[PDB]
Amino acid sequence: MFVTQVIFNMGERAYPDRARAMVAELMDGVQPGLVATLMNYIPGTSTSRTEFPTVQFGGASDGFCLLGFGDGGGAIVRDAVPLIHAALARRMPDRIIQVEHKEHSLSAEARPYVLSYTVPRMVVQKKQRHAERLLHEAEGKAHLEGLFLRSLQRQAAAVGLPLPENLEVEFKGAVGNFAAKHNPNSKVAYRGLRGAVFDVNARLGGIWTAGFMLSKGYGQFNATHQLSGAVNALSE
DNA sequence: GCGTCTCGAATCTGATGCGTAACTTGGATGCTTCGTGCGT
């Protein structure tokens with residue numbers, strides 16, 4: 001029902017993957033339970049869970065942000081943020097780290113017409129053949145709409161939010177593509193989409209997640225702020 | 001088409017007098033006979 005978003009103001013835009021790597025690195029050894037809980041690890045092992053992650057990372061314009069889902073997510077972010085703040089203060093002795101703590105109510109109500117919803121970061125590259133299928137809407141709609149529907153239903157079930165039984169979505173398109181890597185020296189990269197616009201006949205309150213593999217910082221979007229239509233101020 | 005943070009706090013939180021007076025303060029009755037005269 002409640003989503004907690006915490007932003008650490010480091011002063012520079014850090015990509016979410018390196019952010020998660022470094023926050024893992026800072027908490028090595030001290031308070032192992034916090035590390036296991038924050039990294040989405042099975043108790044007793046360091047492996048991650050295939051299930052939807054309750055721990056969330058995102059790329060803030062001024063830094064990186066922690067997102068908790070549900071009471072468990074809220075509780076973990078609440079007892080976690082002082083520790084990561086202390087670690088960041090320890091590592092960066094000559095910079096002030098600022099913490100912004102804001103909560104979003106999560107609500108999804110139906111609506112007999114559609115609204116323009118978009119995201120900056122979709123994980124859509126599965127096969128190279130499907131990548132060229134985006135020229136025709138009909139061929140590429142099936143897997144994209146299926147991905148959106150499954151992502152929405154699984155995140156709703158994870159957060160326990162009621163959703164209508166009659167959601168239909170049609171895709172519009174994206175702005176461009178981008179490449180992302182595990183490490184700067186890694187030779188493995190994936191393709192995402194920026195401005196992937198799709199129309200849904202329902203309202204989405206608060207911040208929302210779509211796609212899969214979200215903990216590394218993909219598929220987060222504030223649907224509520226997008227409805228304000230502040231995307232007009234994009235020019236040079 | 002909701003946006004969110006903030007979404008108070010401390011302290012006082014009754015004092016003082018006045019907080020009865022005067023007067024009434026019981027009274028009365030509870031038996032028959034006898035003589036003389038009316039009296040209907």
# chains A, B, ... in the order shown; residues from 1 in each chain; ligands from 1

call {"tool": "residues_around", "arguments": {"residues": "range 150-165 of chain A", "least_positions_apart": "3", "cutoff": "8 Å", "atoms": "only C-alpha atoms (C1' of nucleotides)", "output": "NGL selection string"}}
result
:A and (1 or 52 or 69-70 or 106-110 or 146-147 or 209-212)

call {"tool": "interface_residues", "arguments": {"of": "chain A", "to": "chain B", "cutoff": "10 Å", "atoms": "only C-alpha atoms (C1' of nucleotides)", "output": "number ranges by chain"}}
result
A: 100-105, 203, 205-206, 224-225, 227-228

call {"tool": "write_last_selection", "arguments": {"atoms": "N, CA, C and O atoms", "output": "short mmCIF file (atom, residue, chain, number, x, y, z; two decimals), in the first residue's frame"}}
result
data_model
loop_
_atom_site.label_atom_id
_atom_site.label_comp_id
_atom_site.auth_asym_id
_atom_site.auth_seq_id
_atom_site.Cartn_x
_atom_site.Cartn_y
_atom_site.Cartn_z
N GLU A 100 16.73 12.31 1.30
CA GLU A 100 15.37 12.76 1.07
C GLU A 100 14.44 11.56 1.20
O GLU A 100 14.63 10.55 0.53
N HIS A 101 13.44 11.68 2.07
CA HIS A 101 12.56 10.57 2.42
C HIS A 101 11.13 10.95 2.06
O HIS A 101 10.55 11.83 2.70
N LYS A 102 10.57 10.29 1.05
CA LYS A 102 9.20 10.55 0.64
C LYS A 102 8.45 9.24 0.39
O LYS A 102 9.02 8.27 -0.13
N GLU A 103 7.18 9.23 0.77
CA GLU A 103 6.33 8.06 0.66
C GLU A 103 5.25 8.31 -0.38
O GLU A 103 4.71 9.42 -0.47
N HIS A 104 4.94 7.29 -1.17
CA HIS A 104 3.88 7.33 -2.16
C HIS A 104 2.82 6.28 -1.84
O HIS A 104 3.15 5.12 -1.59
N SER A 105 1.56 6.70 -1.82
CA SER A 105 0.47 5.75 -1.78
C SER A 105 0.36 5.03 -3.12
O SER A 105 0.51 5.64 -4.18
N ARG A 203 -5.81 4.10 -13.85
CA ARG A 203 -4.97 5.08 -13.19
C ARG A 203 -3.92 4.36 -12.35
O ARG A 203 -4.20 3.34 -11.72
N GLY A 205 -1.31 5.28 -9.36
CA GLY A 205 -0.91 6.25 -8.35
C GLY A 205 0.42 5.88 -7.73
O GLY A 205 0.70 4.70 -7.48
N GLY A 206 1.25 6.89 -7.49
CA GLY A 206 2.57 6.66 -6.94
C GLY A 206 3.56 6.21 -8.00
O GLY A 206 3.33 6.31 -9.21
N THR A 224 2.55 8.74 -11.53
CA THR A 224 1.80 9.88 -11.01
C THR A 224 2.38 11.20 -11.49
O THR A 224 1.63 12.11 -11.88
N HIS A 225 3.70 11.34 -11.46
CA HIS A 225 4.31 12.59 -11.91
C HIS A 225 4.20 12.76 -13.42
O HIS A 225 4.14 13.90 -13.91
N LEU A 227 1.61 11.97 -15.25
CA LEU A 227 0.28 12.47 -15.56
C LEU A 227 0.21 13.99 -15.49
O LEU A 227 -0.67 14.59 -16.12
N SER A 228 1.12 14.63 -14.74
CA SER A 228 1.17 16.08 -14.73
C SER A 228 1.61 16.66 -16.07
O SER A 228 1.40 17.85 -16.31
#

call {"tool": "select_by_dssp", "arguments": {"residues": "range 21-230 of chain A", "states": "helix (DSSP H, G or I)", "output": "MDAnalysis selection string"}}
result
chainID A and resid 21:26 32:38 70:91 128:135 137:159 223:227

call {"tool": "residues_around", "arguments": {"residues": "range 229-231 of chain A", "least_positions_apart": "4", "cutoff": "12 Å", "atoms": "only C-alpha atoms (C1' of nucleotides)", "output": "list in words"}}
result
residues 115, 116, 117, 118, 119, 120, 195, 222, 223, 224, 225 and 235 of chain A; 1 of chain B

call {"tool": "closest_residue", "arguments": {"among": "A:121, A:78, A:90, A:13", "to": "residue 213 in chain A", "atoms": "only C-alpha atoms"}}
result
A:121

call {"tool": "select_by_dssp", "arguments": {"residues": "range 26-197 of chain A", "states": "strand (DSSP E or B)", "output": "PyMOL selection string"}}
result
chain A and resi 41+48+55-59+63-69+98-105+107-119+122-123+169-173+176-181+189-194+196-197

call {"tool": "residues_around", "arguments": {"residues": "range 30-44 of chain A", "least_positions_apart": "5", "cutoff": "7 Å", "atoms": "only C-alpha atoms (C1' of nucleotides)", "output": "list in words"}}
result
residues 49, 53, 55 and 80 of chain A

call {"tool": "write_last_selection", "arguments": {"atoms": "N, CA, C and O atoms", "output": "PDB file, in the first residue's frame"}}
result
ATOM      1  N   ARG A  49      17.287 -13.782  -5.336  1.00  0.00           N
ATOM      2  CA  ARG A  49      16.003 -14.437  -5.546  1.00  0.00           C
ATOM      3  C   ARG A  49      15.456 -14.143  -6.937  1.00  0.00           C
ATOM      4  O   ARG A  49      15.507 -13.004  -7.412  1.00  0.00           O
ATOM      5  N   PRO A  53      11.819  -8.516  -6.591  1.00  0.00           N
ATOM      6  CA  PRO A  53      12.635  -7.982  -5.493  1.00  0.00           C
ATOM      7  C   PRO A  53      11.895  -6.892  -4.730  1.00  0.00           C
ATOM      8  O   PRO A  53      11.366  -5.949  -5.321  1.00  0.00           O
ATOM      9  N   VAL A  55      13.551  -5.043  -2.621  1.00  0.00           N
ATOM     10  CA  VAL A  55      14.544  -3.979  -2.567  1.00  0.00           C
ATOM     11  C   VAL A  55      14.650  -3.378  -3.958  1.00  0.00           C
ATOM     12  O   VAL A  55      14.685  -4.107  -4.957  1.00  0.00           O
ATOM     13  N   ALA A  80      17.631   0.506   7.412  1.00  0.00           N
ATOM     14  CA  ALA A  80      18.838   0.445   6.607  1.00  0.00           C
ATOM     15  C   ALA A  80      19.466   1.807   6.359  1.00  0.00           C
ATOM     16  O   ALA A  80      20.673   1.960   6.565  1.00  0.00           O
TER      17      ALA A  80
END

call {"tool": "atom_distance", "arguments": {"atom1": "CA of residue 58 in chain A", "atom2": "CA of residue 217 in chain A"}}
result
4.6 Å

call {"tool": "atom_distance", "arguments": {"atom1": "CA of residue 216 in chain A", "atom2": "CA of residue 198 in chain A"}}
result
22.7 Å

call {"tool": "residues_around", "arguments": {"residues": "residue 18 in chain A", "least_positions_apart": "2", "cutoff": "10 Å", "atoms": "only C-alpha atoms (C1' of nucleotides)", "output": "NGL selection string"}}
result
:A and (14-16 or 20-24 or 64 or 181-184 or 216-217)
